[PDB]
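For reference, the chains in residue letters:
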Amino acid sequence: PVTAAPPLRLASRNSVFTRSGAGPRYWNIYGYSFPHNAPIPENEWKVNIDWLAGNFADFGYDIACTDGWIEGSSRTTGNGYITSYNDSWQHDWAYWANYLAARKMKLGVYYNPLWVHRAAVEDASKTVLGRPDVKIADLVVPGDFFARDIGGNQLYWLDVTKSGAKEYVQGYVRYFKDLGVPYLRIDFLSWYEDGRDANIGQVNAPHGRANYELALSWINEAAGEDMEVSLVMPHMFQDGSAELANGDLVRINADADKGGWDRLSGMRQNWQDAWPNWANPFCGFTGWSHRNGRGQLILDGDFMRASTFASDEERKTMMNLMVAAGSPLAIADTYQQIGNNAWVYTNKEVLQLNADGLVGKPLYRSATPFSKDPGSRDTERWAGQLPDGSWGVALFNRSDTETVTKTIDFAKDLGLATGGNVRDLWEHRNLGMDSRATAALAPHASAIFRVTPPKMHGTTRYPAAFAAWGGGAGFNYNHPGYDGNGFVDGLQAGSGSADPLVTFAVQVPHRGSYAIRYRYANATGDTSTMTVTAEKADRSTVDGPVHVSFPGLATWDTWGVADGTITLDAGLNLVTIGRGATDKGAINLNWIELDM
Ligand SMILES: OC[C@H]1O[C@H](OC[C@H]2O[C@H](O[C@H]3[C@H](O)[C@@H](O)[C@@H](O)O[C@@H]3CO)[C@H](O)[C@@H](O)[C@@H]2O)[C@H](O)[C@@H](O)[C@@H]1O
Ligand SMILES: OC[C@H]1O[C@H](OC[C@H]2O[C@H](O)[C@H](O)[C@@H](O)[C@@H]2O)[C@H](O)[C@@H](O)[C@@H]1O
């Protein structure tokens, strides 16, 4: 019988955004501003918004988001917060959020709340929100300009050690949240932190890790559950620890830039220790995938520039990768650039994967970090499970020249006993019941499928190797007998601050008590326990925490099935299993099954 348990110690922000599904759908000004190397004029912003309202907002792309080129945004409130995107704009953020509202859309903002504009510093009348004793001028070290070493002289970096700093930063974050902004994109924190860029050299004064982590904690608290926090230049120190603890999204690639295949799949394949660890998103999504999934991080593959690609097959591959990885779906084509390419963004079956909360993983091949061994995960074969037990499966051919067959086998790779109905989502074709998804792919082409296992008496299997991992839990394959490609280990005691865990999203038709099974290994020489909970997306407890017991077995190659019952509510539940301080021993986890 199960006993009551304390809650697990977490190491992620664990917000409603990362718990509820994949990244947001939005449009971004980058397709204008990058090639122009200039802030978007207000009329161009307007014409793009009107175009989105009539053509993409109905497909869920209902955030219009600004980007950089903000040095020319100098006008601020009495507390130093920018009033609009650029000084040339006749209307402020509020006017544009309402204009968007009238078209069933919302405003996304790119800004870093550690930026302090020189114009605000120079106006002695401006003071920190709620702190009339602190002038905005009192927030900065003289000469400490953002991008100082490459000529920057319009934005200071905040000195977070100065009185008023927390109030300034939190006020800035809440300023946008209050304006109705659901998404805040915070860039240049690696430049803030270490004053360096691997593409350039020295860029400005460093501010250090402690200050970076403190600033992130302030931003997290101020954003709360109302506004999604995108970290656009993460250094990802310590396997992304501070970013995971404080943000919702992390960029995993070098900038889209001029777009096309070389930005999607080229440049370099190796890892480096500096921003960005991987250059192309095939490698970055693959390399950071151990940090993805419900309650962990959403990985951000940057912007889609459909018209910069050479063919429609490449455009499909671009979209399929973003969807496979659970990334935000960010259109950067302007109304002038879109041409006849709207279709790439508006395939309803592909979008349905994003709506349903697909967060895929590359096929794991070994436990070794991808940063150390590129053989450890397959950049070209992705799968993820939806809450209802169905799957998204994506197959890619990154060769420039050869046609290559790619296959995901439902038993050997995914770890299912059932096979599944397979639908090709670009052919819009039912392939019927099958044991695998396969495609003979032309160079740069891809295929994406919805795979729907049958459910004899409601049985739904969720493989651990394709779920979300936290606190040290991870993939392995070093004891035989597992179903699928492997299992999760690290569900053991350790020295750390966080408890290792696995999170599964599960969807059920009604509130009730459901039979749950856990296929596991345990050769610790004694009984082991893990803590199990069910929660709503908002974190509220549906069941548990309870200690579930796992009888000791003969060897680490021996697998058993522990039986239990779990209360779940109608719709989405997050079922988390982890090893707390009061748990005993250790297990390896292969899968869970729910009879729904
Ligand atoms: O006003 C701020 C900034 O706006 C533009 O840059 C926006 C882009 O900033 C980042 O890109 C940087 C790279 O990460 C660095 O490695 C290096 O190449 O420099 C660029 C910035 O030029 C971010 O990664 C992108 O997603 C943003 O679009 C202007 O280009 C800057 O000059 C302005 O300071
Ligand atoms: O404690 C559960 C664990 O037990 C064995 O591994 C022991 C030990 O092996 C290496 O030294 C690792 O670096 C440590 O982290 C492990 O504690 C089983 O082989 C393993 O499957 C299981 O998870």
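Residues numbered from 1 in each chain as written, not as in the entry; some residues may be left out. Chains lettered and ligands numbered in written order. Heavy atoms only, no water. Residues with missing side-chain atoms left out of burial classes, pairs and counts.

Listed as the method for this PDB entry is X-ray crystallography; the listed resolution is 1.48 Å.

Trainee: An account of the nonpolar core is requested, with residue identities and associated values reported.
Mentor: Ranked by size, the top nonpolar core spans 111 residues in total, and within it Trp45, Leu114, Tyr168, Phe176 and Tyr345 carry the most contacts. Ignoring any residue separated from it by four or fewer positions in sequence, one finds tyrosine 345 in contact with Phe56, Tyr61, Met304, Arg305, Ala306, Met318, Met319, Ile331, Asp333, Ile338 and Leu351. With 52 residues, the next largest nonpolar core counts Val393, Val422, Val451 and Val542 among its residues. (Core = buried A, V, L, I, M, F, W, Y, C linked by side-chain atoms within 4.5 Å. Buried < 20%, exposed > 50% of the residue type's maximum accessible area, 1.4 Å probe, protein only. Contact = heavy atoms within 4.5 Å.)

Trainee: Give me the lowdown on helix α6 (residues 165–178), citing residues and values where you can.
Mentor: Helix length check: α6 (14 residues) gives 20 Å between terminal C-alpha atoms against 20 Å at 1.5 Å per residue, within 8%. The buried fraction of α6 is high, at 10 of 14 residues. Of the residues making up α6, those classed as buried are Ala165, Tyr168, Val169, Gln170, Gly171, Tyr172, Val173, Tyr175, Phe176 and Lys177. Elements in contact with the buried residues of α6: α4 (93–102), β4 (106–110), β5 (115–117), β6 (127–128), β9 (183–186) and α8 (209–223). (Helix = DSSP H or I, 4+ residues; strand = E, 2+ residues; numbered from the N terminus. Expected span 1.5 Å × (residues − 1).)

Trainee: Talk me through the domain arrangement of the protein; I want residue IDs and the actual numbers.
Mentor: You'll often see interface size given as the accessible area lost when the parts meet. Examined at the domain level, the protein breaks down into domain 1 (21–110 + 162–356), domain 2 (364–456) and domain 3 (459–595). When each unit is reduced to the centre of its C-alpha atoms, the spacing between domain 2 and domain 3 is 24 Å. Contacts between the two partners involve 21 residues from domain 2, matched on the other side by 17 residues from domain 3. Interface area, domain 2 with domain 3, both sides summed: about 1500 Å², of which 56% is carbon and sulfur. It is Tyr364, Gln385 and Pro387 that lose the most area in domain 2 upon contact with domain 3, and together they represent 35% of the buried surface on that side. Our count for the contact surface shared by domain 2 and domain 3 stands at zero salt bridges. Applying the counting rule to domain 2 against domain 3 returns nine residue pairs in polar contact. Looking at the side of domain 2 that touches domain 3, the elements that each hand over two or more residues are β17 (377–385) and α14 (410–414). (Domains from an automatic or database assignment. Buried area = accessible area lost by both parts, 1.4 Å probe. Salt bridge = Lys/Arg side-chain N within 4 Å of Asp/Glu carboxyl O. Polar contact = N/O pair within 3.5 Å; in protein donor to acceptor, adjacent residues only side chain to side chain.)

Trainee: Provide a residue-level description of the site of ligand 2, including the pertinent values.
Mentor: The environment of ligand 2 is made up of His479, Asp489, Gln492, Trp556, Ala586 and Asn588. A distance of 2.7 Å separates an oxygen atom of ligand 2 from a polar side-chain atom of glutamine 492. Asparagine 588 places a side-chain nitrogen or oxygen 2.7 Å from an oxygen atom of ligand 2. Notes on ligand 2: free accessible area 480 Å², of which the protein chains cover 47%. Looking at the shell around ligand 2 residue by residue, the classes come out as two nonpolar, three polar and one charged. (Near = heavy atom within 4 Å. Areas by Shrake-Rupley, 256 points an atom, 1.4 Å probe, with all protein chains shown as cover. Nonpolar A, V, L, I, M, F, W, Y, C, P; charged D, E, K, R; others polar.)

Trainee: Requested: an account of the site of ligand 1, with residues and values cited.
Mentor: The environment of ligand 1 is formed by 16 residues, the closest being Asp67, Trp69, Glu71, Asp197 and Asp255. In the environment of ligand 1, an oxygen atom lies 2.5 Å from a nitrogen or oxygen atom belonging to the side chain of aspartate 255. Within the side chain of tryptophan 275, a nitrogen or oxygen atom sits 3.2 Å from an oxygen atom of ligand 1. In isolation ligand 1 offers 630 Å² of accessible surface; the protein chains occlude 79% of this area. Class assignment of the residues belonging to the shell around ligand 1 gives a composition of eight nonpolar, two polar and six charged.

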